[PDB]
Amino acid sequence: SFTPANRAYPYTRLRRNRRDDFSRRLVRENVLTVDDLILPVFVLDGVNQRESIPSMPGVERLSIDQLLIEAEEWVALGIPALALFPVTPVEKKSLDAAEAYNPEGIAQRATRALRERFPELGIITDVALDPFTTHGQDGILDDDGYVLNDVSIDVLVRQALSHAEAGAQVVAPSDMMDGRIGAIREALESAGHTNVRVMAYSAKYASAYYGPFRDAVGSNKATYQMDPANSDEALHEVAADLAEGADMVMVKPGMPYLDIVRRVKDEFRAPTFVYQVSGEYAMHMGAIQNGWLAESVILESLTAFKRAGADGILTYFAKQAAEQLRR
Amino acid sequence: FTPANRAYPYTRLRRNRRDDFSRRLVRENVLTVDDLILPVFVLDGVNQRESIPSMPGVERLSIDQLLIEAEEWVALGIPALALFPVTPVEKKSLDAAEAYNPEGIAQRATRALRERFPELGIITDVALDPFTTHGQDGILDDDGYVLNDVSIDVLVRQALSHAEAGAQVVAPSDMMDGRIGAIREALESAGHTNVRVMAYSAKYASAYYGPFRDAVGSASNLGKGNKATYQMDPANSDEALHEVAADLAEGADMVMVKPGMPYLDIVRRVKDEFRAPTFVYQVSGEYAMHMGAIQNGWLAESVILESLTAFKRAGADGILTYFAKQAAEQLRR
Amino acid sequence: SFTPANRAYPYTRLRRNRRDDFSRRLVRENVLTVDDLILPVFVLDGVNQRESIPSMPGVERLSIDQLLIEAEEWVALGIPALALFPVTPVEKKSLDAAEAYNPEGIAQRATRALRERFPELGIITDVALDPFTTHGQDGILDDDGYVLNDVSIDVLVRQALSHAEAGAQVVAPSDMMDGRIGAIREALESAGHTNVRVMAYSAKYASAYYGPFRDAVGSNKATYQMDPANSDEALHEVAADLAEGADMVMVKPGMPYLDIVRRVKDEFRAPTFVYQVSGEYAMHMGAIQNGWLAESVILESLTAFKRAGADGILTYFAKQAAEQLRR
Amino acid sequence: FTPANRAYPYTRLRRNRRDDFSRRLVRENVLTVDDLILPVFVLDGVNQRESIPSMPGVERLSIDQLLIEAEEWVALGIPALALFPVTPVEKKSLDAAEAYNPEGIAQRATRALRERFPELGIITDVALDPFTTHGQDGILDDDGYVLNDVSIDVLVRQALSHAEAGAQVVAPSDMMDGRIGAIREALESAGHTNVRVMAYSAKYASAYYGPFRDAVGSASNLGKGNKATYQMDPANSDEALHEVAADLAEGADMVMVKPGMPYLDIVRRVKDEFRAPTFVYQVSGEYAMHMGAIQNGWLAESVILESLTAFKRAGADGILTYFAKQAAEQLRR
Amino acid sequence: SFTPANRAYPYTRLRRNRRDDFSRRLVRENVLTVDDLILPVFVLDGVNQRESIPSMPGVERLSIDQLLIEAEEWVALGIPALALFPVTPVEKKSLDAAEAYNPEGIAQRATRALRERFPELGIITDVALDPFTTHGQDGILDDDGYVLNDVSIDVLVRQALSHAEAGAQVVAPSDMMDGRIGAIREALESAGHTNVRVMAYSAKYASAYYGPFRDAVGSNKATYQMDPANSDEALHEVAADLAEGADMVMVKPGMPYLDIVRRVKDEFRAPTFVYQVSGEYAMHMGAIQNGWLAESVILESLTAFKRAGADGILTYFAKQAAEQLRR
Amino acid sequence: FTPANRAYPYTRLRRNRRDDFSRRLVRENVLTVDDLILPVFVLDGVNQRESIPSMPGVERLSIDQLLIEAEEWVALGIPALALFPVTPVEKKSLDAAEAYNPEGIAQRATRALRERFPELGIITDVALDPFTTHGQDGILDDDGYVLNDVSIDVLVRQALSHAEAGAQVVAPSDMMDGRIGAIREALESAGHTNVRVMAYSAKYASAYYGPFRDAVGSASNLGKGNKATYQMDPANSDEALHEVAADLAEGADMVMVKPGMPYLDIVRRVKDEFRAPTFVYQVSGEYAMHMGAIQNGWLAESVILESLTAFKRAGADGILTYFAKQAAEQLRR
Ligand SMILES: [Mg+2]
Ligand SMILES: [Mg+2]
Ligand SMILES: [Mg+2]
Ligand SMILES: [Mg+2]
Ligand SMILES: [Mg+2]
Ligand SMILES: [Mg+2]
């Protein structure tokens, strides 16, 4: 609700509160903290290795030993959680995506290593088949190349269970199959994984902003990911995921969809997350490196998510932002 | 909103996504050329064209060159331009008098375009930052503070000079309190009954303006200066509603949120609460970010229409965008 | 929500935005596009045949070969979908409406032909028994002449399945039996027709505006179709149809019910369709032909549906409108 | 709204539909004669009756004939008439002075009806289009634009002349900004304390007015002219709320949406947001469309009461309709 | 929603519309019609008999033959429905309330007689045990004198079925047992009484206004009927009854609860009824007979129900009101 | 509202009803003596007590008798009285001058009660109907119409005379447009800063006032007359919101709905929309109806507290009720 309350110039001058830092601080509506940050990480198969990514300047693919080294500092900075994205070797991709539930798959190995070394650090695993398929699509294809909904869910369920067994505190289904949150929740409950959180990618759009990620991980989408034009539809997606048992719901991409974040928080009043995707990172970082924009745009972009209603932000800027906030 | 007890598998939201025809039927928003406003940087002199390193693909244009390029903008159906003069260094002063010079770049450009393309909307910029030695949007007191009401007096003279030049829309971008009402009162008294006022209502103290300050040549003047005593704190959303309410009460015909994509939640709230003509500026930093990534091959050119569609979905009636020509071309196909 | 925001003349003059075409275009709230149009078509049994309809000037009943010819152009104009209405031969009408689920019935034959020749064109079939009954009522009658609800649903389910088997992407139950959307959805799901859309005629009124259609197809209603007086009741109809699995919901007739379209979109935020019925078409076309109204009323009438909240419009003017929009 | 977990088969919405008695009990809206206003076209002279080809069944009537026909309108219980003079060609001018002639058709007709039928509501039309050579609703400037405030001055004189003639309601149909407040101020100053103002608040730039322009004889004058600079864009709904809010603030006793059936969503929003006396005009084109189809045998005469019921359901308190006599007759039975 | 829209005297004078009858008629927000009236009738066991009721001046208990005579006129006046209340002979009252489901009970006999003679007249039977118990309470008592909820429902279900078998179009459970609407609906559906309406007495208050009725029929309540103090509680009652299948919901008593009628209509937008109870009738009629109030208060009281949001009114003034409306 | 998926048998609403203690815990509203205002009919002269046949148990009282009875009203904790003078026939006139007589019954009674019981609230009636020969609430023009603004002038003089007499609250019951603002302006100008105005905001043209008109002696004067040109149409609910909004804008400290029980929906809407101090009059006809039935043995005396509880539940902050003494007695026990 809102009421202008008959405020009128010059009795009301909105610049008065802007006059001094102390009053700007007092009326400041939102603040970003390190409690808000989730760091996505690209994880390699090998040992004592890192790789640079052409379209994601400054971001590295890390072997697990290197991931453990970097995590010490992420923990010291107070970053609450990581989101793991394995970089699957080619030999291990298949039509059936079986590597998704391999107990010795990269995601599973990385999860065990991190849970043991940093017990308080949140590990959010990715429940998705596209890192494991030869076609790079987010599911099992029928003979006509369509991603089969329910058949794909069966594999996602096995994958989610394997992550829970590896000790992940949160599994995050990013697949956009209908009904997958309920299927995964039912499976977790029956297997006794009472407290494993499900972070649903609820309103995930078919987007050009995912380009750099596809490079990072080494990977039509319009038949499952959402049309960028659609806002009301996002409410139905979130409503279903909450009914199906999600503990958190997410909007993807991020800044191009801040209106969706706002509507979702306003309507459901549930823990709401947003992904500042690879293309958003790359655009900002490229402009900063070129000297076109100041470093301050990073915190401005992240503050936007808070103002828009996000409880947490998956962002490749997490470390940089945490360092800035710590000072 | 009411979920209406929709549940999988009776409800599968992928069904409408299955085919292009059903995606088209349920598509909630569509960008058209009706939605686009093209900002243009205008140089003094004749036969001048200058590239802007921090805005790849954008040029500053002398009036003769502007008139030539506008032929294609008009052919593409772009409804309006927003003019930004590149003020010569020597014409900057403490008093910002060049703002209301009937022979200033903005005024000259307006008269030329109104004559040549009578149906094309011309939106002039009401602001003092192109004209001040310090790069601030108003007149400074002895403590270095941007004076509110004294600045309004100059903005009023500027707006009147634009109306006299034939501008159909004046757009105060200054963020002084109460300037919309002062400008409206002045336009009414002077008989400029139908000159629209496009208020920059919720304009934030942003870092995304860097490339624009280069383009217009205010960057050198501003130096490390900031605008936190007048432009809004990025953290604040409720405050934007109070800004818009005042500007509507004061007579604005349109209200604007600036920057754009980093403030889509503000666009949404403003449209939802006021149900008034709502505009959004996809600013220079947004343009530069996208361009840089496209030219690097990091993002497909399809991101341009995705970014612009977002504004429509968020509630904008129109978008000031440096991509206007490209977008119009892509929409025409 | 709304807030006048203390706007007052002469500070606020609403004519300023109206002063010039460019500003009218900038503030224009709604636009009709070809994405919004669905063309209903009356389909004959024979070959190389068309028939004119006295009460629907300009509209033709088409044999399937003629339908295929005209569809080439409808596709070229970008019309996304057709709604098929078979003109059932007399010999084939019965009390049990068995022709409804005949795999060689007109609707089924037309569907197969169109799906093969124009794979991207949406085909919306009509799930209804009134084209197939000897009494022309929308269901199976009991001994007292009442349309039996559940018994009629059993036939509608068989019909819907036959349309799915013929390849229809959308089935549209126009019958106004209670609970039929759920029964049809359950049947489609169990038979593996996962992606067949159901476009529910949710709030379909007992109306005098259907007269010309009844002539077109060669066909008391108050015991199932809605009382024109009732608005709140339409919300209950739509709520049930959404709970029962409808992918789209429709209001019928159209322009005499624009307030219903508005309420339905506002309350449910779901894909909402509206039928500009035969009587609406006939009124407009008659007035245009008589020289009483300009052709421009067509686009004005269709723009109304968009403004009122419709996502799509079933309209006999679809081709004319698409041609106007293309220029 | 709350669905309250209603589900088939426990909820079968056909149960209330099963019998006439239960349909009658749950029926949400009912049209009565309290709801009907009859527009009438008034000729100069004596013993004149003229048929209008594009409005079958409607006649232009001289005042003597009007008085005779009004006997039955009153007997049927129709609460009010809306008068539309058919101005002689020679009395049209640039200055629209005939609008405020105390001996103009509207004024004469008002005095005659107020004397003969003291309880019958008379709603006069405040607009300049019957009186201008160009057929526009106001006075034109040298650029062909309908001047806002100069036109208001004439409309004020017209409204005062109607009040002097005894009209209980004046209905400004002109769509000039601010005219409701100007007319109200003038009525108050002159002591016309109780003269109602029925604002045409959300009146659209429609194609459904064709037959009316024939009936009143403004068609020849307007030619191919349009009213897009004052009448509303059919695409716009939010804008209608701003129009109504201003007219209520300015003192309107009733507010109207025009045309009718193509704008039922606007009627609904206006009633919902303002909870004020809300009227709707079922315009000449709506009447003609229906009549044409009825006379062709394409639609049953029951469509008349269906069309009018729609207005009640949508939120209208009253309906200006050329079907008023027919409807009143059908309701009396 | 509401918005004052800055209306201010003297620009706004609300008396202008009040100045003349014609403008009062145009802006009049609500009208009572005969479509709104339901007439309760007290039915005797005998033949060729009527009885006067001391506390309900002008109201008569009628034998069935007399009821048929009076109904001819009620039908001629256009009253859509009657609500039957049998006056049970003493010999037939019992602890088990078995007379409630006797196929030859007064209510059942009256229903058959009326359905045969006036097929279009709505008959609403009373589903309640208090006309049949020796203690006059609304159910089966346990050993401590408490009205047992579920046990009482079992009897109410048998009663409702007996009314459906007698041909009643509407059964109206007036008992205020929890969950009885659902139990009755389930029973009607299973027995094939698809179209029998259930008019739930949803928010029925423990009231002093029922005194005269108790005399009419010849009959603690706070453990089932609602506390007069409670408004929010009425919303929960109605929500349950709608979920349980009620076709109409009712508020009882009437005029002392118009705020409840308003809230119920506003929140549920469902067919909403109100009972102007015996004490309301008696108060008004007594004052009229004493010459303290004019007859016009009858229509004023009934107009109140319409304005408050009622779709129909059970009122002992139905005939008088219908006569006034007819003139 | 949100049903929260409550379903039988997990939800049984009889559980809270099972025992007195849980009924008491969940009870949503409670009537107290804080809620009661007692209207009293005041006679001229000394030692006068008169019974009113159409209001059993109510007496008209001379000021000396009023002072005696008020001792018990005060002891019972009744916060305020509403005074209604029974004007002698000879003091009625066209000009209603007795309304502002400093020696009128209302004024005399106010001074006496303010002196004797300094803490007792005195609410005077601002209205001309006790003082006019015709029984209408204002001054009549030559057509028999109750003039709005001319009547306000007299009401203002009356209200000032009440403030001078010491009334803490003046209650304009007249239903003239704009009278609240006129009275407030006058009170402010005269220094009556803290005199409350209890507006009769939504007062209906009701038939439930009959016994009151007997009690005050206006019945003979009014005869068959009506008040439909100023009191509200019983059919209208939205209109009541506009009445209240104006009275709040005009400065009312409290707003009232009248009659009471037949208008509980209006009380509810008014409280819900304005969240202001909201009062309701349980009028003479409501009192008479209840009394008649109680004395006949048709209703138990418990109906009195049931009727009054309804007002609290519906949203009233206070109730003007002829049952105030009985209710206070029953609440004290
Ligand atoms: Mg989903
Ligand atoms: Mg501002
Ligand atoms: Mg249905
Ligand atoms: Mg206007
Ligand atoms: Mg209950
Ligand atoms: Mg008032």
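Throughout, chain B uses Swiss-Prot numbering, with the displayed residues spanning 3-335 in order.
Method of determination (from the header): X-ray crystallography, 1.5 Å.
Heads up, the Cβ atoms here are built off N, Cα and C, so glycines get one too.
Among the features that Swiss-Prot reports, active site, schiff-base intermediate with substrate is placed at B:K205, B:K260, with the record citing experimental evidence. Taken from Swiss-Prot, the feature 5-aminolevulinate 1 binding site covers B:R215, B:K229. Feature annotation from Swiss-Prot assigns Mg(2+) binding site to B:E245. For B:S286, B:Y324, the entry in Swiss-Prot reads 5-aminolevulinate 2 binding site.
Summarising the environment of B:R215 (5-aminolevulinate 1 binding site), the number of other Cβ atoms within 10 Å of its Cβ, over all protein chains shown, is 17. Cβ neighbours within 10 Å of B:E245 (Mg(2+) binding site), excluding its own Cβ and spanning all shown chains: 23.
In this set, none of the recorded positions among B:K205, B:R215, B:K260, B:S286, B:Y324 has a C-beta falling under 8 Å from a C-beta of chain A.
Proximity to chain F, taken as a Cβ less than 8 Å from one of its Cβ atoms, holds for none of the recorded positions B:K229, B:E245, B:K260, B:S286, B:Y324. Sequence-distant contacts of B:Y324 (5-aminolevulinate 2 binding site), defined as residues of its own chain at least six apart whose C-beta falls under 8 angstroms from its C-beta, comprise B:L40, B:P41, B:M57, B:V60, B:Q284, B:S286, B:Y289. Using Cα positions, the member of the recorded positions B:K205, B:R215, B:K229, B:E245 nearest to B:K260 (active site, schiff-base intermediate with substrate) is identified as B:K205.
With a cut-off of 8 Å between CB atoms and residues at least 6 apart in sequence, the same chain places B:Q138, B:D139, B:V148, B:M177, B:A207 near B:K229 (5-aminolevulinate 1 binding site), listed in sequence order. B:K205 (active site, schiff-base intermediate with substrate) carries a strand DSSP state (E or B). Annotation for B:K205 (active site, schiff-base intermediate with substrate): spatial neighbours B:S175, B:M177, B:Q233, B:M234, B:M258, B:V259, B:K260, criterion Cβ-Cβ under 8 Å with sequence separation of six or more. DSSP assigns B:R215 (5-aminolevulinate 1 binding site) to a helix in the three-state reduction. The Cβ neighbour count for B:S286 (5-aminolevulinate 2 binding site), using a 10 Å radius over every protein chain in view, is 26.
Classification of B:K260 (active site, schiff-base intermediate with substrate) by DSSP places it within a strand.
Residue pair B:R215 (5-aminolevulinate 1 binding site) / B:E245 (Mg(2+) binding site) shows a Cα separation of 24 Å. Filtering B:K205, B:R215, B:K229, B:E245, B:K260, B:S286 by Cβ distance to ligand 2 (under 6 A) retains the following recorded positions: B:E245.
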